[PDB]
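Visitor: Sharing structure-v6.pdb, PDB, C-alpha atoms and all ligand atoms:
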```pdb
ATOM      1  CA  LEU A   1      13.940   5.892  24.895
ATOM      2  CA  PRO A   2      14.976   8.180  22.027
ATOM      3  CA  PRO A   3      12.582   9.333  19.237
ATOM      4  CA  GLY A   4      11.045   6.442  17.294
ATOM      5  CA  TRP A   5      12.230   3.611  19.568
ATOM      6  CA  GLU A   6       9.937   1.083  21.196
ATOM      7  CA  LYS A   7      10.539  -1.991  23.334
ATOM      8  CA  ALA A   8       8.935  -5.261  22.337
ATOM      9  CA  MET A   9       8.994  -9.005  23.113
ATOM     10  CA  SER A  10      10.309 -11.691  20.817
ATOM     11  CA  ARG A  11       8.059 -14.737  21.079
ATOM     12  CA  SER A  12      10.658 -17.276  19.730
ATOM     13  CA  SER A  13      13.454 -16.195  22.074
ATOM     14  CA  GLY A  14      11.547 -14.920  25.109
ATOM     15  CA  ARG A  15      13.813 -11.831  25.197
ATOM     16  CA  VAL A  16      12.909  -8.165  24.688
ATOM     17  CA  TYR A  17      14.343  -6.264  21.714
ATOM     18  CA  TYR A  18      14.032  -2.703  20.401
ATOM     19  CA  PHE A  19      12.874  -1.296  17.094
ATOM     20  CA  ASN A  20      12.610   2.164  15.650
ATOM     21  CA  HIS A  21       9.537   2.657  13.500
ATOM     22  CA  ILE A  22      11.071   5.732  11.809
ATOM     23  CA  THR A  23      14.406   4.089  10.781
ATOM     24  CA  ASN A  24      13.202   0.455  10.814
ATOM     25  CA  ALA A  25      16.168  -0.369  13.024
ATOM     26  CA  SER A  26      15.905  -3.424  15.263
ATOM     27  CA  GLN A  27      18.377  -4.928  17.771
ATOM     28  CA  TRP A  28      18.461  -6.893  21.004
ATOM     29  CA  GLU A  29      20.244  -4.131  22.890
ATOM     30  CA  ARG A  30      18.821  -0.920  24.294
ATOM     31  CA  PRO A  31      19.944   2.117  22.243
ATOM     32  CA  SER A  32      21.731   5.247  23.437
ATOM     33  CA  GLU A  33      18.247  17.609  16.529
ATOM     34  CA  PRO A  34      21.154  19.473  14.773
ATOM     35  CA  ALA A  35      20.860  21.867  11.829
ATOM     36  CA  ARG A  36      22.563  19.339   9.496
ATOM     37  CA  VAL A  37      23.388  15.572   9.448
ATOM     38  CA  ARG A  38      25.813  13.530   7.381
ATOM     39  CA  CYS A  39      24.818  10.172   5.881
ATOM     40  CA  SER A  40      25.998   7.527   3.502
ATOM     41  CA  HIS A  41      23.445   5.180   1.948
ATOM     42  CA  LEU A  42      22.967   2.133  -0.247
ATOM     43  CA  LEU A  43      19.942   2.312  -2.603
ATOM     44  CA  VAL A  44      18.553  -0.693  -4.418
ATOM     45  CA  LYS A  45      16.097   0.512  -7.067
ATOM     46  CA  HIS A  46      13.170  -1.526  -8.416
ATOM     47  CA  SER A  47      10.677  -1.189 -11.357
ATOM     48  CA  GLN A  48       8.413   1.343  -9.599
ATOM     49  CA  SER A  49      11.442   3.474  -8.709
ATOM     50  CA  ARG A  50      11.039   7.001  -9.952
ATOM     51  CA  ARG A  51      14.055   6.640 -12.224
ATOM     52  CA  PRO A  52      14.301   2.856 -12.882
ATOM     53  CA  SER A  53      17.860   3.101 -14.187
ATOM     54  CA  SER A  54      21.340   3.460 -12.654
ATOM     55  CA  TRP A  55      25.095   3.330 -13.441
ATOM     56  CA  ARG A  56      24.711  -0.454 -12.900
ATOM     57  CA  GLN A  57      21.847  -1.312 -15.285
ATOM     58  CA  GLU A  58      20.319   0.923 -17.925
ATOM     59  CA  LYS A  59      16.916  -0.556 -17.068
ATOM     60  CA  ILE A  60      16.032  -1.802 -13.585
ATOM     61  CA  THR A  61      13.575  -4.711 -13.803
ATOM     62  CA  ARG A  62      13.617  -6.212 -10.293
ATOM     63  CA  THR A  63      10.334  -6.030  -8.297
ATOM     64  CA  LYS A  64      10.094  -4.061  -5.070
ATOM     65  CA  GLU A  65       9.914  -7.411  -3.268
ATOM     66  CA  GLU A  66      13.145  -8.554  -4.871
ATOM     67  CA  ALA A  67      14.916  -5.259  -3.957
ATOM     68  CA  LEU A  68      13.735  -5.760  -0.411
ATOM     69  CA  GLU A  69      15.404  -9.228  -0.383
ATOM     70  CA  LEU A  70      18.586  -7.684  -1.702
ATOM     71  CA  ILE A  71      18.528  -4.952   1.027
ATOM     72  CA  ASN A  72      17.800  -7.541   3.754
ATOM     73  CA  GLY A  73      20.858  -9.503   2.492
ATOM     74  CA  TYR A  74      23.056  -6.414   2.570
ATOM     75  CA  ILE A  75      21.922  -5.646   6.164
ATOM     76  CA  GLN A  76      22.699  -9.268   7.261
ATOM     77  CA  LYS A  77      26.248  -8.936   5.858
ATOM     78  CA  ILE A  78      26.941  -5.631   7.527
ATOM     79  CA  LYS A  79      25.592  -6.805  10.846
ATOM     80  CA  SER A  80      27.687 -10.018  10.881
ATOM     81  CA  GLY A  81      30.817  -8.148   9.901
ATOM     82  CA  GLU A  82      31.174 -10.148   6.574
ATOM     83  CA  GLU A  83      31.176  -6.931   4.553
ATOM     84  CA  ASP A  84      31.234  -3.331   5.679
ATOM     85  CA  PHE A  85      28.663  -0.690   4.589
ATOM     86  CA  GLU A  86      30.929   1.576   2.488
ATOM     87  CA  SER A  87      32.273  -1.320   0.589
ATOM     88  CA  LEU A  88      28.891  -2.791  -0.370
ATOM     89  CA  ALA A  89      27.654   0.696  -1.281
ATOM     90  CA  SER A  90      30.584   1.243  -3.606
ATOM     91  CA  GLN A  91      29.923  -2.003  -5.424
ATOM     92  CA  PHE A  92      26.214  -2.304  -5.298
ATOM     93  CA  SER A  93      24.364   0.949  -4.715
ATOM     94  CA  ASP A  94      22.023   1.966  -7.556
ATOM     95  CA  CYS A  95      22.753   5.619  -6.581
ATOM     96  CA  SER A  96      25.379   7.683  -8.394
ATOM     97  CA  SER A  97      26.801   8.253  -4.892
ATOM     98  CA  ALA A  98      28.281   4.667  -4.996
ATOM     99  CA  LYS A  99      31.354   6.280  -6.430
ATOM    100  CA  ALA A 100      31.655   8.183  -3.098
ATOM    101  CA  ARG A 101      31.256   4.891  -1.077
ATOM    102  CA  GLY A 102      27.718   5.943  -0.638
ATOM    103  CA  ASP A 103      28.520   9.289   1.089
ATOM    104  CA  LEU A 104      25.945  12.079   0.397
ATOM    105  CA  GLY A 105      27.613  14.748   2.449
ATOM    106  CA  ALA A 106      25.772  16.936   4.938
ATOM    107  CA  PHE A 107      22.212  18.047   4.555
ATOM    108  CA  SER A 108      19.337  19.752   6.410
ATOM    109  CA  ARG A 109      15.603  19.152   6.516
ATOM    110  CA  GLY A 110      14.012  20.131   3.209
ATOM    111  CA  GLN A 111      16.552  18.624   0.900
ATOM    112  CA  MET A 112      15.954  14.837   0.748
ATOM    113  CA  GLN A 113      12.733  12.854   0.285
ATOM    114  CA  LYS A 114      10.918  12.967   3.616
ATOM    115  CA  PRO A 115      11.182   9.250   4.571
ATOM    116  CA  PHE A 116      14.927   9.351   3.946
ATOM    117  CA  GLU A 117      15.248  12.664   5.875
ATOM    118  CA  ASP A 118      13.260  11.422   8.927
ATOM    119  CA  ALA A 119      15.276   8.213   9.165
ATOM    120  CA  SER A 120      18.561  10.098   8.904
ATOM    121  CA  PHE A 121      17.519  12.609  11.620
ATOM    122  CA  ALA A 122      16.251   9.740  13.809
ATOM    123  CA  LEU A 123      19.682   8.002  13.753
ATOM    124  CA  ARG A 124      22.499   9.100  15.985
ATOM    125  CA  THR A 125      26.050   9.468  14.716
ATOM    126  CA  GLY A 126      27.321   5.955  13.790
ATOM    127  CA  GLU A 127      23.896   4.285  13.747
ATOM    128  CA  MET A 128      22.341   2.295  10.863
ATOM    129  CA  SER A 129      18.788   2.179   9.524
ATOM    130  CA  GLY A 130      16.729  -0.796   8.419
ATOM    131  CA  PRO A 131      14.933  -0.651   5.022
ATOM    132  CA  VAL A 132      13.705   2.900   4.339
ATOM    133  CA  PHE A 133      11.332   3.314   1.350
ATOM    134  CA  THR A 134      11.417   6.327  -0.924
ATOM    135  CA  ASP A 135      10.247   7.057  -4.455
ATOM    136  CA  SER A 136      13.829   6.283  -5.534
ATOM    137  CA  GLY A 137      13.701   2.723  -4.120
ATOM    138  CA  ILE A 138      14.745   1.063  -0.858
ATOM    139  CA  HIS A 139      17.704   2.314   1.232
ATOM    140  CA  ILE A 140      19.995   1.447   3.999
ATOM    141  CA  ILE A 141      21.380   4.569   5.675
ATOM    142  CA  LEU A 142      24.329   5.106   7.917
ATOM    143  CA  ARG A 143      24.606   8.407   9.739
ATOM    144  CA  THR A 144      28.226   9.476   9.830
ATOM    145  CA  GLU A 145      28.052  12.998  11.391
TER     146      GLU A 145
HETATM  147  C1  LIG B 201      21.005  13.090  -3.735
HETATM  148  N1  LIG B 201      22.146  12.498  -4.469
HETATM  149  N2  LIG B 201      23.332  12.732  -4.239
HETATM  150  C2  LIG B 201      24.077  12.024  -5.094
HETATM  151  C3  LIG B 201      25.466  12.017  -5.153
HETATM  152  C4  LIG B 201      26.209  12.364  -4.031
HETATM  153  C5  LIG B 201      27.599  12.359  -4.089
HETATM  154  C6  LIG B 201      28.243  12.004  -5.268
HETATM  155  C7  LIG B 201      27.499  11.657  -6.391
HETATM  156  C8  LIG B 201      26.110  11.663  -6.332
HETATM  157  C9  LIG B 201      23.260  11.324  -5.881
HETATM  158  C10 LIG B 201      22.041  11.638  -5.470
HETATM  159  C11 LIG B 201      20.733  11.099  -6.053
HETATM  160  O1  LIG B 201      19.684  11.731  -5.944
HETATM  161  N3  LIG B 201      20.833   9.922  -6.664
HETATM  162  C12 LIG B 201      19.672   9.263  -7.279
HETATM  163  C13 LIG B 201      19.161   8.159  -6.351
HETATM  164  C14 LIG B 201      18.738   8.733  -4.997
HETATM  165  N4  LIG B 201      17.487   9.010  -4.631
HETATM  166  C15 LIG B 201      17.510   9.491  -3.393
HETATM  167  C16 LIG B 201      16.510   9.933  -2.535
HETATM  168  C17 LIG B 201      16.842  10.394  -1.266
HETATM  169  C18 LIG B 201      18.171  10.411  -0.858
HETATM  170  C19 LIG B 201      19.169   9.969  -1.717
HETATM  171  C20 LIG B 201      18.835   9.509  -2.986
HETATM  172  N5  LIG B 201      19.561   9.037  -3.993
HETATM  173  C21 LIG B 201      20.082   8.653  -8.621
HETATM  174  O2  LIG B 201      21.251   8.709  -9.000
HETATM  175  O3  LIG B 201      19.246   8.100  -9.335
END
```
Let me see whether you can do it: turn the structure in this file into C-alpha cells.
Ligand SMILES: Cn1nc(-c2ccccc2)cc1C(=O)N[C@H](Cc1nc2ccccc2[nH]1)C(=O)O

Guide:
Amino acid sequence: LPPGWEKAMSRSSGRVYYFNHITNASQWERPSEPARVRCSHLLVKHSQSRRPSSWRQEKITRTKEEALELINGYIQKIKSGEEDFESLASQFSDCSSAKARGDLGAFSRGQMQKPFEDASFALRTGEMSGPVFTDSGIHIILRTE
C-alpha cells in the first residue's frame, strides 16, 4: 500500500476498508514524491484559528467541534456527488483562495504548514483528503497536479 495507508475491518459491515492516517482519507476500495504538487482546499476556521476572521465573517466564533461538523458535511456532499469540491470552496471556504475555487497553485515542501503539506504530498493527483488540522483551522484538500 502507498505511504500512510492501512487496511482495517469495519465491525458493522464485516468488510475491510482503507484509511490514510496522514490525509485522514477513508474508503471501502483499495487505493492506487515530486518537487512540487498542486492543491485546492476548503478551510473552515474556528475560534482557536490563528486568524479567526475571513472574507465571510469579520469574527469567526464557531468552536473547533462545530467546524469539524461543517467539514464532515462538506465531505459527505462531495462524496455523494451532491456538490463538487470547487463549488463548495468558492462559496464556503474561509480562505481568501475561495475566489480561486480553492486553488492554491503549486508548491514545494517548506511553504505550507506541515500538516497541510504532508497531506498534500500523501495524496496522488485527483485524490481527496479527510479533515486535516492546521493552525489556520480544518481543511479538506484536493490534489490537482
Ligand atoms: C496560502 N494562501 N494562499 C492563498 C490564496 C491563494 C490564491 C488566491 C488567493 C489567496 C491564501 C492563502 C492563505 O494563507 N490563506 C489564509 C488561510 C490559510 N491557511 C492556510 C494554511 C495552510 C495552507 C493554506 C492555508 N490557507 C487566510 O486567508 O486566512

Visitor: Residues up to 9 Å from ligand LIG 201 (chain B), counting all atoms listed in the file: could you list those as an MDAnalysis selection string?

Guide: chainID A and resid 40:43 45 50:55 94:105 111:117 134:137 139

Visitor: Would you mind telling me which residue in A:13, A:120, A:27, A:93 lies nearest to residue 106 (chain A) when using all atoms listed in the file?

Guide: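 Distance minimum relative to residue 106 (chain A) lands on A:120.
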
Visitor: Looking at all atoms listed in the file, which of A:128, A:39, A:122, A:76 is the one that sits closest to residue 5 (chain A)?

Guide: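 Among the listed residues, the smallest separation from residue 5 (chain A) belongs to A:122.
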
Visitor: Which one is closest to residue 126 (chain A): A:74, A:85, A:19, A:28? Count all atoms listed in the file.

Guide: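 Ranking A:74, A:85, A:19, A:28 by distance to residue 126 (chain A), first place goes to A:85.
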
Visitor: Once the PyMOL selection byres (((chain A and resi 71) around 10) and not hetatm) has been evaluated on this model, what residues remain selected, and can you format them as a ChimeraX atom specification?

Guide: /A:42-44,65-70,72-77,130-132,138-140

Visitor: Any idea what the distance is between CA of residue 38 (chain A) and CA of residue 143 (chain A)?

Guide: 5.8 Å
